[PDB]
């Protein structure tokens, strides 16, 4: 691992995570990128050195630290053309931010177009020396982080606008490809009698995974970097950019057990060990687990079963629309672009934050017109995301920057929970077939412009996003910017198209 003070060299390399060689975007030579680490409260100084040479996967970059509040450091949040202009090749830019009152499992990824699909993605863990769950486990380190990723043989800008499936699933960077009949299996080692805090991170550009480990249950203790009451399940669905920590007790016989991460579309199933890794007990033979009918889950995770470890009052009052500001989002799609309330997000040439600092007076004046929505400061907010056939590609996992939110109503559920709903940062908005109306709440304690979007990267690219201008009046005073940030736009704007 690296961090909390680190260089992250972004470059192009030929890689073969699934046994097929292709050009990718790598971090310190690898994809997925290295584990970034720190402790609760640490100041991070992550110096991103762009050495990219390949315009087809973009020479520029911008890194988002998924899950971090960035209070007073909006300029470091990483959303291209929202929080910064991209870094240009041949240049470095240091993201300097704090894990203020935050600890748990996060990740980092390019937030420039679909570039993270081409490889710029990795896990990020902030340890808590006073973790309230510490007595539940013996091992928590680099080897207990489990990353899931969709991998494509055709590069993001060379294939379909909306890929209809991936070519392999990579678990900790490795996996088998059905289409090329190639690839190796990741091995996750355990020692009988020890308990493990596995930190499961979806780096997916698109599919959700159904994740399980043969012969072992998973005791969930964290969702999207917020501590939960322990809740034991035998499988879970994990959407793009969600995280869970779960305890695994290595109390089964010494053997090899299949770890399964099955995508919702693409190659679904486990023929030849696709969508799989190996949980290997110390002393077990160096072999694959036996070919088996995949086991049936009896206790799959329901989001409605997750509850905050600490009593956390839900903002507003226990009635629909009982907040200061309630907003409903109507989704649509025209075959090319997605729309939220009849607006499709197209990245403005002046980043949203810069427009604000330059003195734009109201959110209606901010570009792109209709996509930037003001929120009043120090207020309770309720957002509803009713699932609709007008926005195909369901279920859409929505993500809000700068905040965690209470999931008052989950997908697949008609209940509203104003008492003890889970807190998270990525939520499935479900399906119109279930008449879903996923509803979330939060407080506007964080001045600045924050992305809200579908975390399916191909949908974001197709404009399925809005930006909240939260506390516009207070944004300049809250977010002083470094000169290096101010220089990004002139440098980027000087590039010819082929050098972007």
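Numbering follows the first chain given and starts at 1.
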query: Stretch with the higher entry mean CA B-factor, where the candidates are 176-184 and 307-315; finding: 307-315
query: Mean temperature factor over C-alpha atoms, higher-scoring stretch between 114-122 and 336-344; finding: 336-344
query: From 327, 350, 277, 296, residue of greatest CA B-factor; finding: 327
query: Which of 266, 241, 359, 78 ranks first by CA B-factor in the deposited coordinates; finding: 359
query: CA B-factor placement of residue 427, once the chain's modelled residues are sorted into thirds; finding: lowest
query: Cα B factor band for residue 463 (lowest, middle or highest third within the chain); finding: lowest
query: Third assignment of residue 65 from its chain's C-alpha B-factors; finding: lowest
query: Third of the chain, ranked by Cα B-factor, where residue 194 sits; finding: highest
query: B-factor third for the C-alpha atom of residue 149 within its chain; finding: lowest
